[PDB]
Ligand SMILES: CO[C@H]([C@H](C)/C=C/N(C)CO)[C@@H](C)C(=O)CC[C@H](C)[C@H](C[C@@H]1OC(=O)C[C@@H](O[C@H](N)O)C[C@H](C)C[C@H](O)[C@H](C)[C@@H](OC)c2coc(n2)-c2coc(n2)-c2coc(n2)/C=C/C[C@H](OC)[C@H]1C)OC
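Encoded as structure tokens, the following chain is the form deposited without kabiramide C, with no partner shown.
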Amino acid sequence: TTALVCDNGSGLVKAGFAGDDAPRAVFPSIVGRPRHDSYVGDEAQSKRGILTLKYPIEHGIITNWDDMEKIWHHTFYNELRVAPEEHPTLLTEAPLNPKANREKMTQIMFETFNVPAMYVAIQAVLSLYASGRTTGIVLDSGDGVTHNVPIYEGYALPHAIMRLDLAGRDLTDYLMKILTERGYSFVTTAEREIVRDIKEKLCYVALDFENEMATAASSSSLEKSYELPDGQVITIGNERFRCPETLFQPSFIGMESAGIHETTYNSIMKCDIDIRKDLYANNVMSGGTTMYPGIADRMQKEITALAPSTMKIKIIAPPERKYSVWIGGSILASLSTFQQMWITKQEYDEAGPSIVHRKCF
């Protein structure tokens, strides 16, 4: 009976059961086939020297499905200890995800895994119920993708979906750079991983850059040392809010401009006025990234700038937003009105891929 939720994030894969208050398995979204079978997850990584590791998925989109399945499989078997062709199933996707993909995706569940039933939901949209909403503009900033998702009655709006190709890993990478720069090494991939945690444990969203930037060099009372695994420990200036600053500065690492709140306006201002109003006081926002301090109040103002005078702008940062996408699934999967919403072998059996094509979740 128990269905299964799996947010196949670009770098992370959240997956547990239905209704389950939280995805049980949350491991690395990559695989490694022989250097000269494959392996995946922590294991996959646990074998650097002799493995050719790659993210089966790129920008929250599947590319080498081999590894992909080489995951899926590991995910029930080597992972969830459960029978595929034995449980209702839910998969997440990215906004404006290419038809044949979303279709190919299904091809495999019944085909190879003979999964009984299944469905597909936009990572976004998931996060939206994960908030108790069926309409709003979301901000699922994972490890490597970014979209502004105009939703209504729980049904999205393509033509108005701004994607800001950039995220999670960017900054992490970003950082290292502005550090190897401030006297510090780290150019091996293994070092990058160090930085991230660092990037997470410390980095924050400066309510104000300039006001903050000076202070950095002016005061200090805004930084700390780091238990570098090596043993040696170290601290960082401006950076703490410079890296996460890149978020509003798609001109911090080269890039193309625009940027977040903008691409947001540049997402809302592509949405039939009638909605706009109500699209303004509901900013949800999932994915590792969004997990920042002050990131909150920071945006609010950002927009109010563009945000016309007397308009109430409300950003909602779900304390658990890191999994909302998954958490959403957990729910919808585990629901009633959703029964008929599934896809069936009997159905997939008779039709083909195009069968999947339906309405909002």
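One rule holds for the numbers: they count along the sequence shown, beginning at 1.
The protein also exists as the form deposited with kabiramide C bound; that form is not presented, and the subsequent description refers to it.
- Site status: blocked, since kabiramide C, placed here by C-alpha superposition from its pose in the entry with it bound, has 3 or more atoms within 2.4 Å of backbone or C-beta atoms.
- Looking at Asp349, you'd find every heavy atom of it more than 4.5 angstroms from kabiramide C in the entry with it bound.
- Kabiramide C is not drawn, but in the entry with it bound it has a heavy atom within 4.5 Å of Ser131.
- For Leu335, a non-hydrogen atom is located within 4.5 Å of kabiramide C in the entry with it bound, even though that partner is not displayed.
- In the entry with it bound, no heavy atom of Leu279 sits within 4.5 Å of kabiramide C.
- Residues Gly154, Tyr155 are the ones in 142-166 with at least one heavy atom within 4.5 Å of kabiramide C in the entry with it bound, listed in sequence order.
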